[PDB]
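Asks: Starting off with a structure, shown below.
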Amino acid sequence: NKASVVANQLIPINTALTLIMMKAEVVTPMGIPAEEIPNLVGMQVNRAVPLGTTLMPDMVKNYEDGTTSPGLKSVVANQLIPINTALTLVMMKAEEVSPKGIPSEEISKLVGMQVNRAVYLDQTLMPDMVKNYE
């Protein structure tokens, strides 16, 4: 019904979108609308986006706070962290997002733990990536 956020140009992998790249056109499929334009802008995609691609929640990891109640809030790396780096709650954001990798129940004991793999922008933390997880 309303205008959806569809990228006008083609975007590469892991790239923050801009105002010129984000176009509010009324087209399908209806992915994410332009309500959280300031929150969705500069989001990093998981793969290459073609031209005229609508905002899809399955292609973007943590695009914005679309979920209302937390409950199943999993830890997510809001910023990019290099391999083997003691990251703490500052860069870790445990919010309700999919998929549900590792919850924030033992984060207090792993605060400032060194990861064994490379971490990208807003990505969900998983037990398969961390080899020193409890």
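For all residues, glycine too, the Cβ spot is worked out from N, Cα and C.
Summarising the annotation, Swiss-Prot assigns domain 'AFP-like 1' to 4-63 and lists sequence analysis as the type of evidence. For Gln9, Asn14, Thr18, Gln44, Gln79, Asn84, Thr88, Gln114, the entry in Swiss-Prot reads site 'Important for ice-binding'. Summarising the annotation, Swiss-Prot assigns region 'Linker' to 65-70. Annotated domain 'AFP-like 2' per Swiss-Prot: 74-133, in sequence order, evidence recorded as sequence analysis.
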Asks: Near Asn84 (site 'Important for ice-binding') in space, meaning Cα within 10 angstroms, which of the recorded sites do we find among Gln9, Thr18, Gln44, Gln114?
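Replies: The recorded sites passing the 10 Å Cα test are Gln114.
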Asks: Using a 10 Å cut-off, grab the number of neighbouring Cβ atoms around the Cβ of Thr18 (site 'Important for ice-binding'), all chains included.
Replies: 12
Asks: Once the chains shown are all counted, how many other Cβ atoms turn up within 10 Å of the Cβ of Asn14 (site 'Important for ice-binding')?
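Replies: A count of 13.
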Asks: By CA distance, which of the recorded sites (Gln9, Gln44, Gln79) lies nearest to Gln114 (site 'Important for ice-binding')?
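Replies: Looking at Cα distances from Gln114 (site 'Important for ice-binding'), the smallest one goes to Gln79.
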Asks: Spatially, and counting Cα to Cα, which of the recorded sites is closest to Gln44 (site 'Important for ice-binding')? Options: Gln9, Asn14, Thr18.
Replies: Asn14
Asks: Neighbour count first, Cβ atoms within 10 Å, every protein chain included; then name which of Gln44, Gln79, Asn84, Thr88, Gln114 tops the list of recorded sites.
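Replies: The largest 10 Å Cβ neighbour count belongs to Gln44.
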Asks: Please list, in sequence order, the residues in the chain of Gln9 (site 'Important for ice-binding') that are at least six apart in sequence and whose C-beta is under 8 Å away from its C-beta.
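Replies: The list for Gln9 (site 'Important for ice-binding') reads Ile20, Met21, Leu51, given in order along the sequence.
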Asks: Which whole-number value in Å describes the distance between the Cα atoms of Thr18 (site 'Important for ice-binding') and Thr88 (site 'Important for ice-binding')?
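Replies: Distance between the two Cα atoms comes out at 29 Å.
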Asks: Rounded to an integer, what is the Cα-Cα distance in Å between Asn14 (site 'Important for ice-binding') and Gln79 (site 'Important for ice-binding')?
Replies: 12
Asks: Using DSSP, what is the helix/strand/coil residue split across the domain 'AFP-like 2' (74-133)?
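Replies: Output for the domain 'AFP-like 2' (74-133) reads 4 helix, 18 strand, 38 coil.
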Asks: What are the helix, strand and coil residue counts for the domain 'AFP-like 1' (4-63) according to DSSP?
Replies: 4 helix, 15 strand, 41 coil
